[PDB]
**Student:** 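To start, I am sharing the structure in question, which I have written as structure tokens.
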Amino acid sequence: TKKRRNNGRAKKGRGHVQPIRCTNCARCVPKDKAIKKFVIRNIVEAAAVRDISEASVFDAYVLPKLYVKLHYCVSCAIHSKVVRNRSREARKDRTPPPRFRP
Amino acid sequence: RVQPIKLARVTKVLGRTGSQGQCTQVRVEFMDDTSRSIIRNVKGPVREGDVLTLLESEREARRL
Amino acid sequence: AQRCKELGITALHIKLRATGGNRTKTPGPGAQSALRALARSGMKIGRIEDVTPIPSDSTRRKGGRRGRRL
Amino acid sequence: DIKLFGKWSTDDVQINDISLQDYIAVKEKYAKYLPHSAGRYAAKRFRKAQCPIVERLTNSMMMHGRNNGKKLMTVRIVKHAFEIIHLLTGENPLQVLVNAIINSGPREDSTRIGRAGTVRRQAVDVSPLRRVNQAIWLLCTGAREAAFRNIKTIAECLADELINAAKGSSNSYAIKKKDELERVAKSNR
Amino acid sequence: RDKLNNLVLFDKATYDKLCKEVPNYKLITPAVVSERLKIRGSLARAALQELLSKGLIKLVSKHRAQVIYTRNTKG
RNA sequence: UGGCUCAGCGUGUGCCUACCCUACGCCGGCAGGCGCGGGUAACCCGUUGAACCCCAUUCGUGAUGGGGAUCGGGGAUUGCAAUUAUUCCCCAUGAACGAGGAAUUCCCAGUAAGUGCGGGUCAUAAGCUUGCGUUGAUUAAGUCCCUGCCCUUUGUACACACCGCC
Ligand SMILES: [Mg+2]
Ligand SMILES: [Mg+2]
Ligand SMILES: [Mg+2]
Ligand SMILES: [Zn+2]
């Protein structure tokens with residue numbers, strides 16, 4: 001049974017997509033098929049900010065961040081629970097999960 | 001060279017941890033510096049407001 | 001902190017580095033603790049910069065195309 | 001003032017640390033004539049605090065099968081032992097008890113389910129309520145084990161256990177296991 | 001630590017030790033004297049109440065299981 | 001070893017069916033025996049004078065006055081029948097056993113445990129079970145780690161259903 005009309009990848013008008021390596025298990029996955037993370041994390045912990053601010057020589061010192069682009073095969077993506085198997089109806093939508101900002 | 005034994009006061013209970021209930025994780029403020037506060041996992045019954053010893057300053061801090 | 005204090009150093013510019021290359025770019029759990037303890041031990045923190053090796057395009061990553069099976 | 005066992009006024013004893021001040025019941029509100037009360041101390045959580053600690057030691061001193069209901073015998077052994085420690089130290093027996101309880105309760109331990117090196121894996125500091133409970137149990141087991149196959153009786157063996165615990169000489173079984181638990185926790189940090 | 005082989009009956013070398021140094025410390029009981037002087041312990045109970053009759057030792061408890069004595073007050 | 005001192009369930013004379021619960025007096029050291037009685041029962045047993053425990057004695061860290069297994073002799077009761085000992089008593093022996101590996105059971109307040117007492121079985125009888133009572137705690141007010149259970153999603157080549165199929 002054809003599970004997804006998308007065929008599990010973004011390849012629509014192409015014929016071949018150059019592969020990447022899974023950042024976790026180093027598996028060759030097509031670039032448009034692997035699940036991509038872009039995490040903009042604080043360079044320090046959420047509880048270490050207060051300690052660093054005391055020892056910062058600059059009073060108005062902006063906090064640098066970390067820019068990491070992760071790529072995952074669906075094996076490592078499911079194993080790390082970054083994606084989950086969804087119902088037949090719930091599979092179709094492509095909206096990202098809510099950010100839980102408030 | 002050596003950090004001495006101190007005490008900290010529980011402010012709020014965060015929840016159980018250890019996948020057995022053998023430990024509870026609570027937030028503790030420092031009596032020496034009330035602004036200074038960490039989160040510590042403790043064993044045994046803990047409720048709000050009680051003060052307990054802490055043999056070392058920082059060991060672990062994770063969010064459940 | 002003890003060696004720097006006894007050699008006459010009071011501030012630091014922390015330069016973080018992960019494994020880099022084609023390997024992992026996320027620093028391990030030791031990054032947060034070592035950085036936090038340096039400031040809490042009575043030492044100043046200035047500019048923090050990243051020197052993680054980020055290739056344009058690296059060589060082949062070790063493991064094989066089927067990955068590290070586990 | 002309440003004259004526990006007919007003597008040993010409870011208004012002069014004091015707890016030398018605030019972490020256990022609110023969990024020991026040597027205070028005047030919980031100052032009782034006799035360590036014997038069926039006040040339903042297991043009905044709800046956080047109700048063993050208001051139970052008098054002299055009663056708590058009496059509860060924990062009956063174990064090992066042959067002694068599981070006998071409280072008259074346990075109270076009379078406590079009565080003998082407190083008089084004995086008074087005769088051997090010259091201060092209030094309750095002050096000896098509070099010194100022993102604080103100095104016996106281990107302040108850290110370790111408990112995990114994953115892979116363990118020696119005993120457990122991760123070090124976790126204990127609660128004040130668990131401090132007291134482990135302290136009383138360790139003192140009772142130390143007295144019982146020393147008294148199991150020697151001519152010294154329970155009142156005397158309980159006396160030297162609490163006396164060596166009040167000072168601290170690595171001879172009390174309670175402080176001996178306390179140091180072992182602290183060292184294991186330090187290794188498992 | 002194999003067998004106590006304690007003293008069922010007194011001898012001169014221990015009887016004098018009972019008479020001179022036993023009523024000098026705070027806590028004297030039949031168990032303490034039995035382990036200290038290596039006497040049996042039935043002899044300990046009898047000898048302690050002999051010193052009670054001589055009046056140089058004060059009794060406090062007098063229980064069937066835990067009978068407790070003490071030295072006289074000094075000062 | 002002696003003294004002290006407090007329970008609650010419940011049973012008790014029978015169609016066939018014979019076989020009751022026992023106060024008191026006397027005899028014997030005991031198991032027992034003999035006569036007066038009572039009770040078809042909140043009426044008598046029975047204020048069920050239980051045990052544990054408590055208070056005093058002796059013992060004194062030894063396989064000892066712990067333990068009573070095995071075994072000899074003797075005496076009664078029930079039954080027609082007691083040997084392969086029915087049960088009980090007395091005097092004899094005093095065996096392992098010094099807290100028990102891997103594992104494993106049960107349990108949250110009048111609970112575990114200690115401790116005895118009724119019923120069922122019974123002419124004879126409880127180490128069984130079913131109920132009752134006394135003394136009375138430690139830890140815990142959590143988790144899905146182990147063993148499992150429920151709901152949803154999901155995959156399946158399973159449907160005798162994973163102890164499946166292959
Ligand atoms: Mg499929
Ligand atoms: Mg192709
Ligand atoms: Mg796998
Ligand atoms: Zn992967």
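Just so we're on the same page: letters track the sequence lines, and every chain starts at 1. Excluded from the calculations below are hydrogen atoms, water molecules and symmetry mates; all remaining heavy atoms, backbone and side chain alike, are included.
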**Student:** Considering just the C1'-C2'-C3'-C4' torsion, please state whether F:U47 has a north or south sugar.
**Tutor:**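 A south sugar, the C1'-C2'-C3'-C4' torsion of F:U47 being less than zero.
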**Student:** Could you tell me the Watson-Crick or G-U partner of F:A103, where both distances fall under 3.5 Å? Say none if there is no partner.
**Tutor:**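 Pair assignment: F:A103 / none.
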**Student:** Which of residues 58-70 of chain E have a heavy atom under 4.0 Å from RNA chain F?
**Tutor:**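 RNA chain F contact set from residues 58-70 of chain E: E:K62, E:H63, E:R64.
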**Student:** Going through the distances and angles, do D:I15 and D:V26 end up as a side chain to side chain contact (heavy atoms under 4.5 Å, CB included)?
**Tutor:** CA-CA 9 Å; D:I15 305 107; D:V26 285; 3.8 Å; yes
**Student:** Give me the distance, rounded to whole Å, that separates F:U58 from F:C71 when you measure between the P atoms they each carry.
**Tutor:**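 Roughly 39 Å separates the two P atoms.
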**Student:** Can you list everything that forms a ring pair (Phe, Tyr, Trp, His ring centres under 6.0 Å) with E:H63? Sequence neighbours excluded, please.
**Tutor:**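 Partners of E:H63 under the ring pair (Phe, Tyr, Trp, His ring centres under 6.0 Å) test: D:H80.
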**Student:** Report the glycosidic orientation of F:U40: syn if within 90° of 0, anti in every other case.
**Tutor:**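 Syn, which is what one calls it when the glycosidic angle falls within 90° of 0.
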**Student:** Tabulate below the donor-acceptor pairs under 3.5 Å that side-chain atoms of residues 10-20 of chain E make, not counting sequence neighbours, or state none.
**Tutor:**
| unit_1 | atom_1 | unit_2 | atom_2 | d |
| --- | --- | --- | --- | --- |
| E:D11 | OD1 | E:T14 | N | 3.2 |
| E:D11 | OD1 | E:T14 | OG1 | 3.0 |

**Student:** Indicate whether the side chain of D:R112 and that of D:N188 have a donor and an acceptor atom separated by less than 3.5 Å.
**Tutor:**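 The answer is no; no qualifying pair exists.
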**Student:** Kindly confirm or rule out a cation-pi arrangement of B:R47 over D:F46, judged by NZ or CZ under 6.0 Å from the six-membered ring centre and within 45° of its axis?
**Tutor:**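 Judged by the rule, B:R47 and D:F46 form a cation-pi pair.
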**Student:** Once you apply the 3.5 Å cut-off to both distances, tell me the Watson-Crick or G-U wobble partner of F:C146, or none.
**Tutor:**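 In the structure as shown, F:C146 has no Watson-Crick or wobble partner.
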**Student:** Can you run down the salt bridge (charged side-chain N to carboxylate O under 4.0 Å, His left out) pairs that involve residues 124-146 of chain D, sequence neighbours left out, and say none if there aren't any?
**Tutor:**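 Residue pairs passing salt bridge (charged side-chain N to carboxylate O under 4.0 Å, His left out), neighbours aside: B:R40-D:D125, D:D17-D:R131.
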**Student:** Centres under 5.5 Å and planes under 30° for the six-membered rings of F:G66 and F:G67?
**Tutor:**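 Base stacking between F:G66 and F:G67: present.
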**Student:** Using a cut-off of 4.0 Å on non-hydrogen atoms, how would the nucleic acid contact of D:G65 be classed: base, sugar-phosphate, or nothing?
**Tutor:**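 Sugar-phosphate: the residue D:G65, judged by heavy atoms under 4.0 Å, touches backbone atoms but no base.
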**Student:** Residues of residues 43-55 of chain D with any non-hydrogen atom less than 4.0 angstrom from an atom of RNA chain F: list those, numerically ordered, please.
**Tutor:**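 When residues 43-55 of chain D is checked for heavy atoms under 4.0 Å from RNA chain F, the hits, listed by number, are D:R45, D:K48, D:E55.
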**Student:** When the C1'-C2'-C3'-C4' sign is the only test used, does the sugar of F:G110 come out north or south?
**Tutor:**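 South (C2'-endo side).
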**Student:** Across all strands shown, which nucleotide pairs with F:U153 by Watson-Crick or G-U wobble geometry, both distances under 3.5 Å?
**Tutor:**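 No nucleotide pairs with F:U153.
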**Student:** Using both distances under 3.5 Å as the test, list the Watson-Crick or G-U wobble partner of F:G133, or none.
**Tutor:**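 The base-pairing partner of F:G133, which may sit in any strand shown, is F:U115.
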**Student:** North or south: where does the sugar of F:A85 fall when you read the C1'-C2'-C3'-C4' torsion?
**Tutor:**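 Here the sugar adopts a north pucker, which is what a positive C1'-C2'-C3'-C4' value indicates.
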**Student:** When all nucleic acid strands are considered with a 4.0 Å heavy-atom cut-off, which category describes D:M63: base, sugar-phosphate, or nothing?
**Tutor:**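 Answer is nothing: D:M63 stays at 4.0 Å or more from every strand.
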**Student:** Determine, for B:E56 against B:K6, whether the closest basic-nitrogen to carboxylate-oxygen distance falls under 4.0 angstrom.
**Tutor:**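 The answer is no: the pair does not qualify as a salt bridge.
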**Student:** Under the rule syn = chi within 90° of 0, otherwise anti, which is F:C122?
**Tutor:**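 Base orientation relative to the sugar is syn.
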**Student:** Identify whether any heavy atom of D:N59 sits under 4.0 Å from a base atom; if not, whether one sits that close to sugar-phosphate; answer base, sugar-phosphate or nothing.
**Tutor:**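 Sugar-phosphate, backbone atoms only, no base.
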**Student:** Listing request: all salt bridge (charged side-chain N to carboxylate O under 4.0 Å, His left out) pairs with a residue in residues 55-66 of chain E, at least two apart in sequence or in separate chains.
**Tutor:**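 Listed by first then second residue: nothing to list.
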**Student:** Do the six-membered rings of F:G25 and F:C26 pass both checks: centres under 5.5 Å apart and planes under 30 degrees?
**Tutor:**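 Pair F:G25, F:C26 comes out stacked.
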**Student:** Do the charged groups of B:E48 and B:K12 touch, with an N to O distance under 4.0 Å?
**Tutor:**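 Salt bridge: no.
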**Student:** Just by distance, no angles: are the side chains of A:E89 and A:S87 close enough, under 3.5 Å, to form a donor-acceptor pair?
**Tutor:**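 Not at all, the side chains of A:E89 and A:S87 share no donor-acceptor pair under 3.5 Å.
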**Student:** Please list every donor-acceptor pair under 3.5 Å in which a side-chain atom of residues 27-38 of chain D meets a protein atom from a residue at least two apart or in another chain.
**Tutor:**
| unit_1 | atom_1 | unit_2 | atom_2 | d |
| --- | --- | --- | --- | --- |
| D:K32 | NZ | D:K29 | O | 3.1 |
| D:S37 | OG | D:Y41 | OH | 3.0 |

**Student:** Heavy atoms only, 4.0 Å cut-off, all strands: where does B:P45 land among base, sugar-phosphate and nothing?
**Tutor:**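 Sugar-phosphate only.
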**Student:** If you measure from the P atom in F:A76 to the same atom in F:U83, how many Å do you get, rounded?
**Tutor:**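 Going atom to atom, P in each nucleotide, I get 14 Å.
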**Student:** Heavy atoms of chain D, cut-off under 4.0 Å: which first and last nucleotide of RNA chain F, 5' to 3', fall inside that, if you could look?
**Tutor:**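 Footprint of chain D along RNA chain F, 5' to 3': F:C53 to F:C145.
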**Student:** Once side-chain hydrogen bond (donor to acceptor under 3.5 Å, both in side chains) is applied, do any residues pair with D:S172, and if so which ones, sequence neighbours excluded?
**Tutor:**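 D:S172 satisfies side-chain hydrogen bond (donor to acceptor under 3.5 Å, both in side chains) with D:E161 only.
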**Student:** Tell me whether the bases of F:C122 and F:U121 count as stacked, where stacked means ring centres under 5.5 Å and an interplanar angle below 30 degrees.
**Tutor:**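 No, six-membered rings of the two bases do not stack.
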**Student:** Is it the case that F:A92 stacks on F:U93 (six-membered ring centres closer than 5.5 Å, ring planes within an angle under 30°)?
**Tutor:**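 Judged on centre distance and plane angle, the pair counts as stacked.
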**Student:** Establish whether F:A109 and F:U87 are paired, applying the Watson-Crick or G-U wobble definition with both distances under 3.5 Å.
**Tutor:**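 When the criterion is applied, F:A109 and F:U87 do not count as a base pair.
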**Student:** Measuring only the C1' atom in each nucleotide, how far is F:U11 from F:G46? A whole number of Å is fine.
**Tutor:**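 After rounding to an integer number of Å, I get 13 Å for this pair.
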**Student:** For the pair D:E108 and B:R59, find out whether any cationic side-chain nitrogen is under 4.0 Å from an anionic carboxylate oxygen.
**Tutor:**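 A salt bridge links D:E108 with B:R59.
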**Student:** Which residues pass the side-chain hydrogen bond (donor to acceptor under 3.5 Å, both in side chains) test with D:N171, not counting sequence neighbours?
**Tutor:**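 By the side-chain hydrogen bond (donor to acceptor under 3.5 Å, both in side chains) rule, D:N171 matches no residue at all.
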**Student:** Tell me what D:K152 touches on the nucleic acid: a base, only sugar-phosphate, or nothing, going by heavy atoms under 4.0 Å.
**Tutor:**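 The residue D:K152 makes no contact with any strand.
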**Student:** Name the nucleic acid region contacted by E:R40, choosing base, sugar-phosphate or nothing; use a 4.0 angstrom heavy-atom cut-off, strictly under.
**Tutor:**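 The residue E:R40 makes sugar-phosphate contact but no base contact.
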**Student:** In whole Å, what separates the P atom of F:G133 from that of F:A112?
**Tutor:**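 The same atom, P, in both gives a distance of 12 Å.
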**Student:** Is any NZ, NE, NH1 or NH2 atom of the basic residue among A:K11 and A:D32 found under 4.0 Å from an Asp or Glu carboxylate oxygen of the other?
**Tutor:**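 No, no charged N to carboxylate O under 4.0 Å.
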**Student:** Considering every strand shown, what is the Watson-Crick or G-U wobble mate of F:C36 when both distances are under 3.5 Å?
**Tutor:**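 When the pairing criteria are applied, nothing turns out to pair with F:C36, so the answer is none.
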**Student:** Could you tell me if D:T153 and D:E156 have a donor-acceptor pair between their side chains, going purely by distance under 3.5 Å?
**Tutor:**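 A donor-acceptor contact under 3.5 Å links the two side chains.
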**Student:** Does F:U61 pair with anything, Watson-Crick or G-U wobble, both distances under 3.5 Å, and if so, with which nucleotide?
**Tutor:**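 Looking at the geometry, F:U61 pairs with no nucleotide.
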**Student:** Can F:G32 be described as syn, meaning its chi torsion is within 90° of 0, or is it anti?
**Tutor:**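 Here F:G32 takes the anti form, which means its glycosidic angle is more than 90° from 0.
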**Student:** Expressed as a whole number of Å, how far does the P atom of F:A102 sit from that of F:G2?
**Tutor:**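 Per the computed distance, 46 Å lies between those P atoms.
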**Student:** What contact category does D:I151 fall into here, base, sugar-phosphate, or nothing, at under 4.0 angstrom with non-hydrogen atoms?
**Tutor:**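 Base: the residue D:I151, judged by heavy atoms under 4.0 Å, touches a nucleobase.
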**Student:** Can you tell me how far P in F:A123 sits from the matching atom in F:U78, rounded to whole Å?
**Tutor:**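 F:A123 and F:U78 have their P atoms separated by 14 Å.
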**Student:** Using the glycosidic torsion, which applies to F:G74: syn (within 90° of 0) or anti (everything else)?
**Tutor:**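 Here F:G74 takes the anti form, which means its glycosidic angle is more than 90° from 0.
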**Student:** When the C1' atoms of F:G37 and F:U129 are compared, how many Å lie between them, rounded to an integer?
**Tutor:**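 Those two atoms are separated by 38 Å.
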**Student:** Can you tell me if the sugar in F:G14 is north or south, using the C1'-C2'-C3'-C4' torsion?
**Tutor:**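 With a negative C1'-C2'-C3'-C4' torsion, F:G14 is south.
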**Student:** Taking the P atom in each of F:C19 and F:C80, what is the distance between them to the nearest angstrom?
**Tutor:**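 Looking at atom P only, F:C19 and F:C80 are 11 Å apart.
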**Student:** Base rings of F:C150 and F:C151 under 5.5 Å apart and under 30° in plane angle?
**Tutor:**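 Result for this step: stacked.
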**Student:** When we call it a touch if two heavy atoms are under 4.0 Å apart, what does E:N6 touch: a base, just sugar-phosphate, or nothing?
**Tutor:**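 Sugar-phosphate, backbone atoms only, no base.
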**Student:** Who pairs with D:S9 by side-chain hydrogen bond (donor to acceptor under 3.5 Å, both in side chains), at least two apart in sequence or on another chain?
**Tutor:**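 With sequence neighbours excluded, D:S9 shows a side-chain hydrogen bond (donor to acceptor under 3.5 Å, both in side chains) to D:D11, given in chain and number order.
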**Student:** When you check the sign of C1'-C2'-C3'-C4' for F:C108, do you get north or south?
**Tutor:**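 South, since the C1'-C2'-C3'-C4' torsion of F:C108 has a negative sign.
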**Student:** Syn if the chi torsion is within 90° of 0, anti otherwise; quick check, which is F:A51?
**Tutor:**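 Judged by the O4'-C1' to base torsion, F:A51 sits in anti, the angle falling more than 90° away from 0.
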**Student:** Hey, is D:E180 close enough to D:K178 for a salt bridge, meaning N to O under 4.0 Å?
**Tutor:**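 Salt bridge: no.
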**Student:** Counting any heavy atom closer than 4.0 Å, what does E:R1 reach on the DNA or RNA strands: base, sugar-phosphate only, or nothing?
**Tutor:**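 Here E:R1 touches the backbone only, sparing every base.
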**Student:** Expected output is a numbered-order residue list: members of residues 80-87 of chain A with a heavy atom under 4.0 Å from any atom of RNA chain F. What is it?
**Tutor:**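 Here the set is A:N85, A:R86, A:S87.
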